[PDB]
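Enquirer: Just to be clear, this is only the beginning of the complex, oriented as in the whole thing:
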Amino acid sequence: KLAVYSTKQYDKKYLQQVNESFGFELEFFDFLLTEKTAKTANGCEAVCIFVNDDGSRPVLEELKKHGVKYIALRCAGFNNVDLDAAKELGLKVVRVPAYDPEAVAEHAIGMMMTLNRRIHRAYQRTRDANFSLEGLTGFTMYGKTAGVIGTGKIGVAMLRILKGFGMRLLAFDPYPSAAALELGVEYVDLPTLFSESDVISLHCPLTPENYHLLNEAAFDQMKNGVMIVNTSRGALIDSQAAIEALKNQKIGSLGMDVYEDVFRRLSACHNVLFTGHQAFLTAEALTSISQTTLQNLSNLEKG
């Protein structure tokens, strides 16, 4: 009954397990949706697409021409698909609007601990049995001050975790959540947060207001050899500015989760870790995405 596109095995794995409850007819394609590949959908009420797959108008028309009713998104971001045209074509479109907050918080910390301890580098040594420890010197988080920017669900989840480490908590949101407050987080202005903090992590949405929020001016406030981990949108961090910092040694480590050769130079010459939008890649996180995306499909059958 449904055909899925840009499938990766993890998609296949958890849509299926999930579908057990739904009992849909699932057909998986591993290639990008396009005008040219639009045909494949035939006999399919519904289609499932990730961020890369093409929603441009033509694709949509073509999808109609094949009797497709419903379009679903395995991800919150619906930038690819042109909604107006969809309406004109009477194609419902659906999505999953949030990811388990816990996963992104967890990932972020994981990059943090990995960077902190150069575990990623150890492996590269270890696997070939080079046990030399030079350059893997880390730091202990206990004493330190942790600065989190944004206090949404994810941001808080990160905070609980950080609190675990015995870290002292500073956060920067306009609005301060109780939930954050019961933790002991103390809200401060950025400049304060920048100087005070030896670990910074951003869990906030991009607004024109905070684009390039972390920029050269920001950097020179912050401590030397600071750790910055960003699982939020790319724009929040100013790449060029960041890079200068790394080289001139303001930033100890940087962790980036890349929404969809700087990498090679950066990764190789620095404590930079890059991960390709891995944040929600947990079984739980995937299962939820499926329940949501299938359920959405169910609902279409009756309101």
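Expert: Noted; the coordinates are in hand. Residues are numbered from 1 along each chain as shown, chains lettered A, B, ... in the order given.

Enquirer: what about residue A:134, which helix or strand?
Expert: Using DSSP states H and E, residue A:134 falls within no helix or strand.

Enquirer: cool, and residue A:125?
Expert: Residue A:125 belongs to helix A:119-126, assigned by DSSP H and E.

Enquirer: contacts for that helix?
Expert: A:113-114, A:131-132, A:135-136, A:273 (Cβ atoms under 8 Å, 6 or more residues apart in numbering). Quick note: C-beta positions are derived from backbone N, CA and C, even for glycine.

Enquirer: same thing with stretch A:10-22?
Expert: In contact with stretch A:10-22 (Cβ under 8 Å, 6+ apart) are residues A:4, A:26, A:28, A:48, A:50, A:74, A:281, A:283, A:286-287, A:289-291, A:293-295, A:297-298.

Enquirer: Return it as CSV; C-alpha atoms alone will do.
Expert: Presented in CSV, the C-alpha positions along stretch A:10-22 are these (Å, rounded to 0.1, in the frame of the first residue of the first chain):
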residue,chain,number,x,y,z
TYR,A,10,17.6,1.3,9.3
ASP,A,11,14.5,2.7,7.7
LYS,A,12,13.7,-0.7,6.4
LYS,A,13,14.3,-2.3,9.8
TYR,A,14,12.0,-0.2,11.9
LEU,A,15,9.3,0.6,9.5
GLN,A,16,8.8,-3.1,9.2
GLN,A,17,8.9,-3.9,12.8
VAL,A,18,6.5,-1.0,13.3
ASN,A,19,4.3,-1.9,10.4
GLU,A,20,3.5,-5.1,12.2
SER,A,21,0.9,-3.2,14.1
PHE,A,22,-0.2,-1.3,11.0
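
Enquirer: throw chain B onto that model:
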Amino acid sequence: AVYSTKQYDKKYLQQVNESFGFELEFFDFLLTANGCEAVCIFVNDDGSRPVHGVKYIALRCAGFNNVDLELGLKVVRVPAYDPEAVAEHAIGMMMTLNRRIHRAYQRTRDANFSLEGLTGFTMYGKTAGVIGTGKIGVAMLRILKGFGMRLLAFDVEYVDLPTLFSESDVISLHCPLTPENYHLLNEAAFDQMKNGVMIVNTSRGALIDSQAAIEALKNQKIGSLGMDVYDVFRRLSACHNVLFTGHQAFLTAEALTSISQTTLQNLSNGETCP
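Expert: Take a look at chain B, now in place beside the chains above:
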């Protein structure tokens, strides 16, 4: 006069030394020492019988096996490492294994962003089991708490091992090595545990039945294994979710400093703990 020195060892001893103002001689080789009242040695230096006027011997580590014990020589050591750092390391291996970050870097540094096979699990729901209630275990135990995990331990909610083994979906052991301990984790254990379980040991090797583990891994009883190691390695790491790290647990500036301090005072000394 310090032996088996590595740059970090050198770094933290020097910084700490500023308060002490001892005179430091650094050697990069194993265990020559004329003009030195005392010596500093790591785990691998040799302190048996056969081994110029050196009054005292100091250990840069908790363990005194390499050395022996009459010749008018006093021996001191550091019996603790920052509990937190090691605890901190233990998780970090865990997260790295969980999220397969170690393998992502492998891809990423060459700009491959495929995510297949990096899928992990979310710790928030999960039960967690700790072995050892020592400073380290507790320290780890807190960290785990932050995760929202549910804690069982053995030496929170204390329980017998079997109870722990079946219940726990993550395990970490932070206890010293005892005759009772040895190969504490063995086939009997592994076949108790949840399939896919993740085990991390920063504590001594003997806690785990090595061949026993491997069977388990092949058997797919164990999801991931983390070992801090005081061609199996290549094999294991390569064809499994195995991360071996070379006794890094206390490699952090704070800990290294703590070690140097405790070591340097020990030498200042009154008496102290040998």
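
Enquirer: Chain B added, so what about the contacts of stretch A:10-22 now?
Expert: A:4, A:26, A:28, A:48, A:50, A:74, A:281, A:283, A:286-287, A:289-291, A:293-295, A:297-298, B:115-116, B:119 (Cβ atoms under 8 Å, 6 or more residues apart in numbering or on different chains).

Enquirer: and the closest residue to chain B within the stretch 151-300 of chain A, how many neighbours?
Expert: Nearest to chain B in the stretch 151-300 of chain A, going by Cβ to the nearest Cβ, is residue A:164, at a distance of 2.0 Å. As a burial measure, residue A:164 scores 22 neighbours (other Cβ atoms under 10 Å in any protein chain shown).

Enquirer: who touches the spatially closest residue to residue A:29 that is not a sequence neighbour in this structure?
Expert: Distances taken as Cβ to Cβ, 6 or more residues apart in numbering or on different chains put residue A:5 closest to residue A:29, at 5.3 Å, once the chain neighbours are dropped. Residues near residue A:5 by Cβ under 8 Å, 6+ apart: A:29, A:31-33, A:37, A:47-50, A:53.

Enquirer: could you flag which of the contacts of stretch A:10-22 are buried?
Expert: A:4, A:26, A:28, A:48, A:50, A:74, A:281, A:283, A:286-287, A:289-291, A:293-294, A:297, B:115, B:119 (16 or more other Cβ atoms under 10 Å in any protein chain shown).

Enquirer: Of those residues, which belong to helices?
Expert: Among the buried ones among the contacts of stretch A:10-22, DSSP state H puts A:283, A:286-287, A:289-291, A:293-294, A:297 in helices.

Enquirer: Could you list which of those residues also contact chain B?
Expert: Counting by Cβ under 8 Å from any Cβ of the partner chain, A:283, A:286 from those sit close to chain B.

Enquirer: with the structure above as the base, add chain C:
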Amino acid sequence: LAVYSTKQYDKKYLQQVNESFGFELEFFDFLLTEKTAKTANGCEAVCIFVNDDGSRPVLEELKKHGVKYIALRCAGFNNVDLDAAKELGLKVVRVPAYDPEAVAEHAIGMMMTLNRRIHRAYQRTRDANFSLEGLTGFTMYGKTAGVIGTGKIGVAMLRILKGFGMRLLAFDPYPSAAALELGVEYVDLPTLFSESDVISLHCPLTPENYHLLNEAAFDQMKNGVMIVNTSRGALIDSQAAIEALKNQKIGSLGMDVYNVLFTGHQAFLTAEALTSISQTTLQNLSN
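Expert: Putting chain C together with the chains above:
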């Protein structure tokens, strides 16, 4: 023409070559399947690689979509069901062979790489580790090298080896003049196995060949021997090899495939080879 399982190289060289031919090209990254086949509509011709499905339904589907001709860009046609193709009046064409020289060259570079542990070095080096332990090699000059199969590839390898200053033995049931001229000496395997310190296989997969290298072969072979295999995998009894590898009768092993070096059927992946393939492939289509 629509091309399937296009990988960039496939794409790059086909186009350059095209400039000569003027076909209209539509490149699809995905596998050709019964389901995919629709994608071909309006296309007289189709281009495919070893993975793609030539099995009948696909073919039927293809005709249904007006595909006059199917073109393959690799010697082997195991995937396509020829007769059925015949029934449906679809012409099927192929590329008979690859640059011989290119594949032979791979084998050698692969050999040297293993021999000198350059692969391992690079791992170290990229991190600015220059330690050399465990990277020791052996000098090929003076060594005896044995080649099995002396087809074009073998001969082309035989020359390369000859340059190194090695001694040459080869096993083919039906010898080659060319090989002889180089002064290679033909032998039976046993002699070859026992004698050679380097072995390279350049022969097709025949039932007689299967698992040509089996424990029987290995335990003849000199200790520390190096074997490089660009021919189909089945020439080698992997299980024996592993044993042999742990057992240490095998110094190094190199395999080309879809101290060990593995590479994914990369042998003919050179710009010269791909162009020649493209050109041959288009030409097939010109006809």
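
Enquirer: ok chain C is in now, so what about the contacts of stretch A:10-22?
Expert: By Cβ under 8 Å, 6+ apart, stretch A:10-22 touches A:4, A:26, A:28, A:48, A:50, A:74, A:281, A:283, A:286-287, A:289-291, A:293-295, A:297-298, B:115-116, B:119.

Enquirer: Break chain A into its domains for me.
Expert: A:1-100+A:281-303, A:101-280 (curated CATH domains).

Enquirer: any idea what sits nearest the residue in chain A positioned nearest to chain C, other than its immediate chain neighbours?
Expert: Going by Cβ to the nearest Cβ, chain C is nearest to residue A:31 of chain A, at 3.8 Å. With Cβ to Cβ, 6+ apart as the criterion, residue A:31 has its nearest non-adjacent residue at 3.8 Å, and that residue is residue C:30.

Enquirer: How about the backbone phi and psi for that neighbour?
Expert: Residue C:30 adopts backbone torsions of phi -80, psi 170, taken as degrees, to the nearest 10.

Enquirer: count of neighbours near it?
Expert: Residue C:30 has 18 nearby residues by other Cβ under 10 Å.

Enquirer: Surely residue A:26 and residue A:4 touch.
Expert: Yes - in this structure residue A:26 lies within contact range of residue A:4 using Cβ atoms under 8 Å: 6.6 Å.

Enquirer: Is it correct that residue A:274 is in contact with residue A:264?
Expert: No - using Cβ under 8 Å, residue A:274 makes no contact with residue A:264, being 9.8 Å away.

Enquirer: Tell me if I'm right that residue A:205 and residue A:232 touch.
Expert: Yes - with contacts counted by Cβ under 8 Å, residue A:205 reaches residue A:232, the gap being 7.2 Å.
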